[PDB]
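Since the structure comes first, as structure tokens, the remarks are kept for the end.
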Amino acid sequence: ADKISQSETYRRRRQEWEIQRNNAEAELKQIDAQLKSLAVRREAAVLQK
Amino acid sequence: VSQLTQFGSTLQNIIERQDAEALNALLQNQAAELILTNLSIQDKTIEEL
């Protein structure tokens, strides 16, 4: 029973690393769009000049 | 001579008037040209949103 419970622990841990990896990937993905918006905002500031 | 002085007063009034009206037309062509950049800026604000 302790071998089985150790195995289930390692499996639950790996699923929690999917929750973390997906969270990091989503944050990475939203930063790129933030840069796209800022690239526009800068084009509008050059145009104000 | 008094008739000549009367032509001189009419002439001064004409000179002042025509020069001021050429300035009035200059300010209109100048604001007509200034508006286009504002249109471009507003359009890029939409893309920012």
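Protein sequence lines, in the order shown, are assigned to chains A and B.
Residue numbering for the first sequence is 117 to 165, as defined by my numbering.
Residue numbering for the second sequence is 17 to 65, as defined by my numbering.
Yeah, the Cβ is synthetic: ideal placement off N, Cα and C, and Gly gets one too.
Under the three-state reduction of DSSP, which class applies to residue i: helix, strand or coil?
i: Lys119 of chain A; result: helix
i: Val156 of chain A; result: helix
i: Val17 of chain B; result: coil
i: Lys165 of chain A; result: coil
i: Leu39 of chain B; result: helix
i: residue 12 of chain B; result: Because chain B here runs from 17 to 65, residue 12 of chain B falls outside it and cannot be looked at.
i: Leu50 of chain B; result: helix
i: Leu65 of chain B; result: coil
What does residue i reach in chain B if we use C-beta pairs closer than 8 Å?
i: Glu159 of chain A; result: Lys60
i: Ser153 of chain A; result: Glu64
For residue i, which residues in the same chain have their Cβ closer than 6 Å to its Cβ, ignoring the five residues on either side in sequence?
i: residue 175 of chain A; result: What is shown of chain A runs 117 to 165, which leaves residue 175 of chain A out entirely.
Residues of chain A with CB under 7 Å from residue i, in chain order?
i: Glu63 of chain B; result: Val156
Give me the chain B residues within the contact set of residue i, using Cβ-Cβ distance strictly less than 7 Å, ordered along the chain.
i: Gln164 of chain A; result: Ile57
Among the residues of its own chain, which have a CB less than 8 Å from the CB of residue i, if the five just before and after it don't count?
i: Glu159 of chain A; result: none
Where the segment 43 to 57 of chain B meets chain A: residues whose CB sits under 9 Å from a CB there: Hits within the stretch, in order: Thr53, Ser56, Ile57.
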